[PDB]
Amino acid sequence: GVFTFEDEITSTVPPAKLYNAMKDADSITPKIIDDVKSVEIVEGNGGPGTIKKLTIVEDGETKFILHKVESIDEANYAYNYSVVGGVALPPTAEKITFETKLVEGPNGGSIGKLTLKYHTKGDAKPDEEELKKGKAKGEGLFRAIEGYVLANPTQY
């Protein structure tokens, strides 16, 4: 089955602008996040079903993570993807889905609605520790994109 967790975060960047930057996560992420070295398309054209391979060098040792693009809704500022392979994925999980939806902020910013879905093998409830890592990962990407936009205002 599926275990679901919601999280909400705010930004000072307006949603249309953040969303445009998200589309460039593949090039933005390696620059901002020290451990991320590259993001490469294994299969597909960037649309749903696309598989991406992230190369990371935590410590001094290389690691791969695999993402699958699930859906996009540009009009509603949504990007959804799943972790589908790599040591990030525990054996009790078929996949971990990260959904991001941006809405308008009261003062010219955005509200990020982050949804985390764990598809477990035999309805294995996620660990306090596992979730913690998942919450941090989703929050980390959002901050990486936001940070790039705030640091490079002419870009978007």
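Just so we're on the same page, rigid core means the largest C-alpha set that superposes within 1.5 Å between forms. Sequential numbering from 1, following the sequence displayed.
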message: Stretch 119-127 versus stretch 44-52: after rigid core alignment, which one is farther off in C-alpha RMS in 9 other deposited structures of this protein?
response: 119-127
query: Which of the two stretches, 54-62 or 97-105, moves more in 9 other deposited structures of this protein when the core is held fixed, judged by C-alpha RMS distance?
result: 54-62
- request: Between 96-104 and 54-62, name whichever shows the higher mean Cα B factor according to the PDB entry.
  value: 54-62
task: Between 41-49 and 66-74, point out the one with the higher average CA B-factor as the PDB entry records it.
output: 41-49
message: Using only modelled residues of the chain, where does the Cα B factor of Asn20 rank: lowest third, middle third or highest third?
response: highest
task: Ordered by C-alpha B-factor within the chain, which third holds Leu131? Give me lowest, middle or highest, please.
output: middle
- request: Ordered by C-alpha B-factor within the chain, which third holds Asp123? Give me lowest, middle or highest, please.
  value: highest
query: Would the CA B-factor of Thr154 place it in the lowest, middle or highest third of its chain?
result: highest
- line: Among the modelled residues of its chain, the C-alpha B-factor of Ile9 falls in the third labelled highest
